[PDB]
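Here's the structure, in structure tokens; my notes come after.
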Ligand SMILES: CCCCCCCCCCCCCCCC(=O)OC[C@H](CO[C@@H]1O[C@H](CS(=O)(=O)O)[C@@H](O)[C@H](O)[C@H]1O)OC(=O)CCCCCCCCCCCCCCC
Ligand SMILES: CCCCCCCCCCCCCCCC(=O)OC[C@H](CO[C@@H]1O[C@H](CS(=O)(=O)O)[C@@H](O)[C@H](O)[C@H]1O)OC(=O)CCCCCCCCCCCCCCC
Ligand SMILES: CCCCCCCCCCCCCCCC(=O)OC[C@H](CO[C@@H]1O[C@H](CS(=O)(=O)O)[C@@H](O)[C@H](O)[C@H]1O)OC(=O)CCCCCCCCCCCCCCC
Ligand SMILES: CCCCCCCCCCCCCCCCCC(=O)O[C@@H](COC(=O)CCCCCCCCCCCCCCC)COP(=O)(O)OC[C@H](O)CO
Ligand SMILES: CC1=C(/C=C/C(C)=C/C=C/C(C)=C/C=C/C=C(C)/C=C/C=C(C)/C=C/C2=C(C)CCCC2(C)C)C(C)(C)CCC1
Ligand SMILES: [Zn+2]
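Protein chains in written order, with the UniProt record's numbering: chain E, 5 to 604; chain D, 12 to 437; chain S, 10 to 487.
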């Protein structure tokens with residue numbers, strides 16, 4: 005095939021219109037299941053197509069093609085698609101992940117009547133993801149990037165009867181829209197400079213460019229701030245903490261959307277972002293800050309679903325760091341491994357939640373003996389994210405140690421440190437959900453049925469084969485071994501996980517652990533009071549002046565338009581008295597007419 | 012016979028002390044109640060067969076792909092008492108199945124198709140709601156006195172024998188059971204709770220069958236008589252046994268024995284009323300499980316999410332379990348209720364919402380029958396001359412109405428009563 | 010041909026009296042549909058790459074006044090006429106179920122006036138059809154409407170009457186300072202005179218058309234006359250009159266004073282940016298839905314001024330596309346909000362809730378409301394994004410700071426539309442106040458057609474632009 009791969013984003017776009025045939029007001033009889041079934045069928049057929057297209061482009065050059073969206077006077081909106089290897093590979097990655105999450109949803113979303121609304125939005129992501137990875141125009145890489153913002157709004161707000169979803173979906177749309185809107189300012193000021201937006205004309209332009217320093221500084225800062233909000237990075241990160249309403253888009257959003265929506269735009273902008281060595285240092289700063297913050301906050305959480313989204317923020321800040329060192333290959337490689345591991349992690353946590361209703365880490369307990377798979381899957385998804393050079397996420401985080409040590413060493417000091425705190429979080433998330441004494445809420449925890457642990461175990465296999473899948477085909481990631489640094493990440497991670505296990509499986513400390521400093525514990529627990537920050541700086545401003553403007557309109561403008569009228573009323577109501585009703589007065593006015601016009 | 016005391020719910024206690032009727036006793040209020048019983052009894056008649064199929068034939072199936080296709084003979088399974096060879100013989104009608112249920116299995120809502128094709132195209136009996144209840148009785152520990160028995164040294168041995176006899180074909184599963192012996196041992200417990208719940212609905216299906224026939228004849232004239240029939244049927248069956256009896260190839264494994272002395276009232280009726288009518292783990296599209304937002308309780312004693320507390324206007328929307336039953340309880344409707352709904356709000360469009368409100372009404376009288384049976388069992392009758400014997404009943408009713416007022420987590424701002432007493436709630 | 014477009018609604022209006030009721034409604038539908046279909050046929054035969062007038066008609070009428078009956082349709086004018094006729098067909102289809110004989114008459118008269126004013130190559134004839142539009146909309150605001158009809162209606166009247174004055178004051182003047190007879194445009198009317206007077210005439214035309222468009226400080230009739238008007242009245246008024254004002258401003262103030270416009274561009278760009286920001290920030294604070302949508306109209310009309318402040322060939326295709334997009338989107342939003350107010354019986358943002366769940370709570374007008382609100386804001390796949398992006402790409406080569414402020418205004422538009430959708434569609438239903446009546450099949454047809462056209466023109470946008478590509482070139486490149 006490989007010449008019709010551009011039809012992949014339509015299969016799912018054909019499932020996003022057909023699944024709505026079953027929404028509860030259209031069928032009213034026998035509804036809720038074949039919508040999901042046919043969406044699974046479409047996803048499987050689009051994954052087979054992508055696999056075949058990848059096999060057919062094993063040893064071949066990128067065969068671009070393009071259509072014309074519209075050609076008005078000045079601009080020529082070109083929609084080009086690239087059929088390189090990393091495009092069909094990303095299509096496989098997206099469709100397989102959607103297949104896993106949808107087979108999961110078949111099991112999780114029972115006892116739920118909205119499958120029209122759920123699987124149609126899950127099909128509109130699988131289509132949007134494909135259209136984002138295929139199309140390589142900075143303009144059409146923003147069109148879908150905004151359509152997916154709208155889709156995120158309706159998907160988080162799936163069950164809108166819950167008052168904390170209509171508040172989480174509000175932030176998830178506004179926070180993610182502002183970033184996508186300064187990205188518009190950036191894509192808008194790159195046309196007079198480069199004459200196009202094709203990721204190739206931009207590459208050629210950035211190769212030979214001598215334009216102002218502050219100008220490209222500003223436009224690349226905008227190009228940063230777009231994906232900065234799309235990838236849940238500081239300070240646009242509260243939306244992800246509140247986007248944990250509605251399980252398993254969370255298994256796909258934190259895993260297949262957050263990973264290849266802003267990071268994909270940020271990586272393909274490496275040639276442009278390389279032009280200013282200030283956008284790069286700002287990129288390093290943002291990535292490192294969000295990594296440290298995400299790890300430290302994930303350590304201080306009690307909700308198992310929010311003790312993994314901050315880790316998502318941190319491991320996307322890692323990609324921000326990598327792309328800050330002019331290393332796009334490392335980012336494209338690490339997205340794959342991180343996505344596989346986080347899929348296993350989120351599916352295991354979802355399986356625990358489905359049968360152990362609470363999400364409080366303080367209410368979940370001994371599950372290892374009675375729930376093995378869901379535990380070993382979590383453990384393997386853990387090992388495939390930090391360390392264990394056997395597992396595949398080690399390789400891409402090895403070059404970023406060598407590269408961050410060759411140049412700008414302090415950044416490595418974060419990447420190393422980010423490897424222990426992120427290991428202490430997962431540790432305390434395993435030692436709290438699977439180890440320890442069993443508690444009332446999880447006193448009787450049956451393992452879940454076949455559709456929730458099939459994808460989980462099928463996705464647990466991919467992670468175990470990734471390392472060996474990069475052996476058969478010599479896809480070397482970190483050229484120089486230099487085991488002096490390969491023995492650092494492992495030591496850091498193992499140390500973190502070990503201290504985590506000791507603190508919680510040690511019964512040598514009170515279990516509701518308190519920090520020597522109590523004021524920082526309830527500061528990392530409330531993510532540095534980011535909401536109280538928002539409602540203070542932006543909202544508080546945008547609201548205040550808003551309540552001014554309307555009031556102004558209601559008082560100064562409107563009134564100024566009414567005063568005239570009112571005056572013209574008074575001028576008539578108190579000038580009728582000139583007709584006094586006395587004929588002698590009328591003759592006086594007639595006589596005052598004369599002897600005055602005679603004077604004038 | 013006693014003074015008025017203080018309560019805001021006192022107007023209801025004076026009705027419980029004098030007869031019954033946790034809800035008013037108008038004729039339009041009882042037509043819908045009996046129609047909802049008739050509508051809820053046929054899917055229940057499938058539920059109690061499929062749950063027994065799960066508890067005996069699908070004991071621990073890693074891939075119970077079908078799991079909702081009971082064998083041909085489980086529709087011929089004699090309901091222990093409906094016919095000639097009955098055990099207590101209520102609901103005179105045939106004791107094998109229901110013609111209406113067999114018709115729906117045959118033709119569904121489209122036409123005479125194979126059952127597998129009736130499943131893929133949903134057209135089913137929404138069996139996932141009965142499993143959710145079975146998993147809701149467990150995890151609340153509310154099984155009765157066998158949950159304490161369902162722990163060790165008599166069950167673990169029987170479960171071990173049953174599991175080793177079940178997987179004997181494939182050594183993959185056998186080997187797995189050797190590594191993690193508590194993995195399939197907790198799935199055995201689940202099949203046991205499935206069997207318990209399926210044995211509870213082998214009693215309520217004939218009761219709800221026969222009450223509709225009594226209403227048809229004319230023996231039922233007021234809600235008091237309906238709940239009294241319910242109480243009499245409750246006491247009549249309070250002694251029936253509870254067991255598991257997992258059947259494997261040419262073999263039966265006595266998992267929980269009949270000789271243990273588990274009866275229907277203390278192990279399937281009372282632990283069920285509290286589990287599904289009161290607790291019913293929280294809705295996913297109404298409350299946030301967010302651990303910081305202290306919305307879902309921490310103890311399982313304050314789970315106010317049952318049918319008595321449910322919110323039935325968002326029915327047919329995403330994230331709300333009871334819809335699965337209201338679509339299941341919709342095409343088995345008697346005609347005098349379809350006509351009653353068709354001349355009302357939004358007609359035959361929002362029929363699920365009013366069909367669920369009427370179900371709430373019906374379950375209110377069911378739980379009132381449970382209250383009356385409870386007091387007649389553990390306390391004194393209404394026709395008692397002594398004043399202390401009447402103050403005991405009043406204390407019991409005040410305690411049982413205080414469960415409807417506890418303001419821990421808006422448990423008082425749920426609790427559809429004082430809203431069901433309204434004739435304009437439908 | 011255009012004479013038919015102008016006379017058929019006039020004939021229907023004169024025929025609404027002396028006609029039996031059943032025939033009253035059927036014949037109104039017939040006349041509106043006929044005018045609409047004729048508009049589409051004209052649009053097909055509009056063969057493009059012409060750069061001149063088409064379908065022209067010239068008759069001498071009132072020689073001592075100029076006032077020749079001189080029609081003619083261009084690329085700027087024809088899409089607006091088709092839009093007016095479509096909106097008229099819709100408004101007639103969902104007409105009022107009360108006093109419905111003086112309604113079809115006045116609606117047909119209003120459409121006649123709009124179509125005439127658009128396709129008129131005579132200044133005084135344009136003003137004739139303008140002040141003809143003046144009064145029937147007053148009658149529509151006055152008979153049908155809300156609690157505060159009278160005040161509201163009066164406001165509209167005067168702020169439109171004053172409008173006429175300025176326009177007339179700037180026609181007569183610029184019709185005599187050039188000693189030209191025969192006020193008809195594209196003709197002896199040639200400015201070619203000294204500055205300091207072109208400035209005054211241009212300011213008169215700005216204040217006379219910016220008060221109807223409406224612009225930033227001249228808008229204070231729009232919130233009062235959109236909210237106290239029934240939904241068909243609101244749709245027709247918004248679309249028709251707003252586009253009449255914008256068309257007037259563009260055509261006259263850019264084809265007659267291109268030397269003064271190039272000097273006032275620097276101020277008009279900042280005025281348009283302030284207008285977008287002002288509309289957005291004033292909509293954010295409102296707690297009634299129709300008020301939010303009215304300020305949406307203000308903000309979306311300021312885009313046309315920002316586009317016209319730059320003489321780019323692109324920034325004028327974008328202006329016409331923004332006019333059409335705002336017409337469609339405002340029609341959709343007003344129709345949906347009218348349906349909601351009818352079925353729910355309230356329009357506040359603190360009692361509306363949960364209008365999106367299937368059975369008991371109005372879910373296909375809420376879904377459409379979320380699709381229209383996202384089209385209004387800048388969201389690709391819909392028409393608003395195409396129009397706004399054409400404007401932005403055309404206006405960045407010129408002054409770049411007002412364009413950035415316009416982008417911020419689009420963001421704030423998204424903000425308040427999300428506010429409205431959250432407090433209107435999401436949430437839970439109040440279980441004492443529910444029991445909304447059902448929505449009948451041929452009552453959500455107009456919204457479901459507008460939605461299809463919006464989603465179509467946003468993914469295949471050529472059919473929005475291929476009509477005003479050469480005409481915009483003739484407008485700015487001259
Ligand atoms: C955001 C994307 C927007 C795209 C959605 C397209 C709009 C829906 C197309 C409808 C096709 C025409 C038939 C509709 C009328 C009908 O058949 O019965 C009307 C009934 C509604 O209930 C009925 O509601 C009626 C009131 S009312 O119609 O809903 O206004 C009334 O008849 C009675 O209440 C009740 O039964 O059924 C419905 O129409 C509800 C289903 C249709 C609405 C689906 C919306 C759910 C998805 C929203 C988000 C989409 C996300 C996916 C990707 C975008
Ligand atoms: C080169 C040397 C290598 C060493 C590397 C060191 C890396 C350490 C990992 C990083 C530590 C993270 C600090 C941030 C903690 C925080 O902010 O919140 C604190 C959180 C709050 O969770 C709280 O949890 C509470 C309930 S519960 O406890 O989670 O159950 C809840 O009430 C509260 O709201 C919730 O927030 O709880 C913690 O995780 C405390 C961790 C601190 C314990 C460190 C003590 C050191 C022990 C000595 C080692 C023993 C020897 C064993 C040798 C193998
Ligand atoms: C530069 C140009 C381009 C940039 C884009 C333009 C700027 C957009 C910024 C968004 C400003 C928020 C709008 C104000 C909302 C409001 O009026 O009331 C406040 C609303 C409640 O409004 C309430 O909403 C209620 C409805 S609802 O239930 O809340 O939904 C309603 O009933 C009530 O009347 C209403 O007041 O509550 C909120 O504040 C939610 C807003 C969350 C937005 C997240 C931040 C997005 C920007 C990222 C910030 C990064 C920097 C932060 C500091 C480091
Ligand atoms: C410079 C400041 C700019 C800020 C914004 C202001 C710009 C406004 C533009 C002015 C347009 C004229 C507005 C006229 C207001 C009419 C509104 C009105 O209310 O009408 C009243 C009465 O209207 C009239 O009297 C008509 C006379 C109005 C004439 C106004 C002409 C103003 C034009 C200004 C030009 C000045 C000349 C300068 C030339 C150098 C009735 O008020 P009411 O509360 O009673 O309403 C209810 C009604 O009465 C019940 O039926
Ligand atoms: C249900 C359940 C269970 C079980 C389950 C299971 C048992 C599962 C399994 C699963 C599995 C067992 C899975 C597996 C998987 C595998 C995979 C997924 C693989 C893959 C592979 C690959 C991918 C490869 C590749 C390659 C090679 C090697 C060759 C060529 C190519 C290359 C790379 C390229 C039980 C009983 C406990 C009960 C409860 C739950
Ligand atoms: Zn099935």
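For every residue, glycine included, the Cβ atom is placed at its ideal position computed from N, Cα and C.
- Bridge partners of residue 264 of chain D according to DSSP: D:257.
- Counting only the Cα atoms, residue 36 of chain D lies some 16 angstroms from residue 47 of chain D.
- Chain-ordered, the chain S residues with CB closer than 7 angstroms to the CB of residue 327 of chain D read 367, 368.
- The DSSP assignment places 38-60, 89-112 as complete runs of the alpha helix (DSSP H) inside the region 37-122 of chain E, in order along the chain (cut-off: 4 residues).
- Using a cutoff of 7 angstroms, the CB of residue 317 of chain D does not count as near ligand 4, since none of the ligand's heavy atoms is closer than that.
- In this structure, the CA atom of residue 214 of chain D is about 35 angstroms from the CA atom of residue 397 of chain D.
- Taking C-beta atoms as the reference points, residue 132 of chain E and residue 101 of chain E fail to come closer than 8 angstroms.
- With 16 or more other Cβ atoms inside 10 Å of its own Cβ, residue 360 of chain E counts as buried.
- Contact between the region 345-356 of chain D and the region 148-167 of chain D is absent: fewer than 3 CB-CB pairs across the two stretches fall below 8 angstroms.
- The beta carbon of residue 191 of chain S is closer than 7 angstroms to those of 75, 77, 197 in its chain, skipping five residues each way along the sequence.
- With 16 or more neighbouring CB atoms inside 10 Å of its own CB, residue 44 of chain D falls in the buried class.
- Its chain contains 93, 94 as the residues whose beta carbon lies nearer than 8 angstroms to that of residue 105 of chain D, once the 5 sequence neighbours on both sides are disregarded; these appear in chain order.
- Annotated as proximal: residue 504 of chain E and residue 431 of chain E, with beta-carbon spacing under 8 angstroms.
- Residues close to ligand 6 by the beta carbon criterion (under 6 angstroms to any non-hydrogen atom) are, from first to last along the chain, D:79, D:130.
- Separation of the CB atoms of residue 18 of chain S and residue 121 of chain S is rounded to 4 angstroms, and the pair is thereby assigned contact status at 8 angstroms.
- The beta-carbon of residue 437 of chain S is placed less than 8 angstroms from the nearest beta-carbon of chain E.
- Residue nearest to residue 66 of chain E within the set E:104, E:324, E:129, E:9 is E:9 (criterion: CA-CA distance).
- Look at residue 375 of chain E: its beta carbon is at least 7 angstroms from all of the heavy atoms in ligand 5.
- Per the DSSP secondary-structure output, residue 165 of chain D pairs with nothing in a beta bridge.
- Not flagged as an interface residue toward chain D: residue 255 of chain E, since no C-beta distance is shorter than 8 angstroms.
- Here the alpha carbon of residue 352 of chain S sits roughly 42 angstroms from the alpha carbon of residue 54 of chain S.
- If you look at residue 65 of chain S, you'll find it in the beta strand (DSSP E) that goes 63-68.
- Contacts with chain D (Cβ-Cβ distance below 9 angstroms) from the region 344-366 of chain E involve 357, 359, 360, 361, 362, 363, 364, 365, 366, listed in chain order.
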